Amino acid sequence: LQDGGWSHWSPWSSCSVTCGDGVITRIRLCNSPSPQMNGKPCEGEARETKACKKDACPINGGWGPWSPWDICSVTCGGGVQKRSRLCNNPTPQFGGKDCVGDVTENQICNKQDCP
């Protein structure tokens, strides 16, 4: 009957994130020696963690909602109308990408002919 004993600690791993908060981790084994018949087990944590902090992860631009369509440029005979949006939802931050698309849309309106 031999009591367990811990190996030395493994090296610490790298930070689990390249941005934001995460942990570095290191482990050990009760192999030195392994507990024998009716031997005492190793005591304490077989692994440890720490805090690793990195700069904020990029926040990519989301589009906010479209504005209501503007009133047609004409009441009759084929006008145009316009609406628009912002890339603020969220705003690109910490190097995040720009929104992809048009800030503005146009379309025909009242295409029927006028009396």
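Residues numbered from 1 in each chain as written, not as in the entry; some residues may be left out. Heavy atoms only, no water. Residues with missing side-chain atoms left out of burial classes, pairs and counts.

As recorded in the PDB header, X-ray crystallography is the method behind this entry, and the stated resolution is 2.400 Å.

Student: Can you break down the domain arrangement of the chain residue by residue, with the values?
Tutor: According to the domain assignment, the chain contains domain 1 (1-57) and domain 2 (58-115). The straight-line distance from the C-alpha centre of domain 1 to that of domain 2 is 55 Å. (Domains from an automatic or database assignment.)

Student: How would you summarise the environment of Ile71 if you had to cite specific residues and measurements?
Tutor: With respect to the helices and strands, the residue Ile71 is situated in the loop between strand 4 (52-53) and strand 5 (79-84). Contact partners of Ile71, with chain neighbours within four places excluded, come to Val80 and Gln81. (Helix = DSSP H or I, 4+ residues; strand = E, 2+ residues; numbered from the N terminus. Contact = heavy atoms within 4.5 Å.)

Student: So what about the state of the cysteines? Which residues, and what values?
Tutor: Per the counting criterion, the structure on display carries 6 disulfides. Here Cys19 connects covalently by a disulfide to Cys57, the sulfurs 2.0 Å from one another. In this structure the cystine formed by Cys19 and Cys57 twists about its S-S bond by roughly 95 degrees; its chirality is therefore right-handed. Separated by 38 residues along the polypeptide, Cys19 in the segment before strand 1 (21-22) and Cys57 in the loop between strand 4 and strand 5 bring together distant segments of the chain. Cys57 sits in the partly exposed class, given a relative accessible area of 33%. Residue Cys30 pairs covalently with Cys42 via a disulfide, S to S 2.0 Å. Around the S-S axis, the bridge from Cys30 to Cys42 shows a dihedral of about 85 degrees and counts as right-handed. (Disulfide = S-S within 2.5 Å. Buried < 20%, exposed > 50% of the residue type's maximum accessible area, 1.4 Å probe, protein only.)

Student: Report on unusual backbone geometry, specifying residues and quantitative values.
Tutor: Cis peptide bonds are those with omega within 30 degrees of zero, and the linkage from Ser32 to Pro33 qualifies with 0 degrees. Along the chain, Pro33 falls in the loop between strand 2 (25-27) and strand 3 (47-49). Of note, the bond from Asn89 into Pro90 is cis; its omega dihedral lies within 30 degrees of zero at 5 degrees. Counting through the fold element by element, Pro90 comes out in the loop between strand 5 and strand 6 (104-109). Despite not being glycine, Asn38 shows a phi value in the positive range, around 65 degrees. One can find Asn38 in the loop between strand 2 and strand 3. With relative accessibility at 80%, the residue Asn38 sits in the exposed group. The backbone phi angle of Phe94 is positive, close to 50 degrees, even though this residue is not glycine. Residue placement: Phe94 occurs in the loop between strand 5 and strand 6. Given the relative accessible area of 53%, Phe94 is considered exposed.

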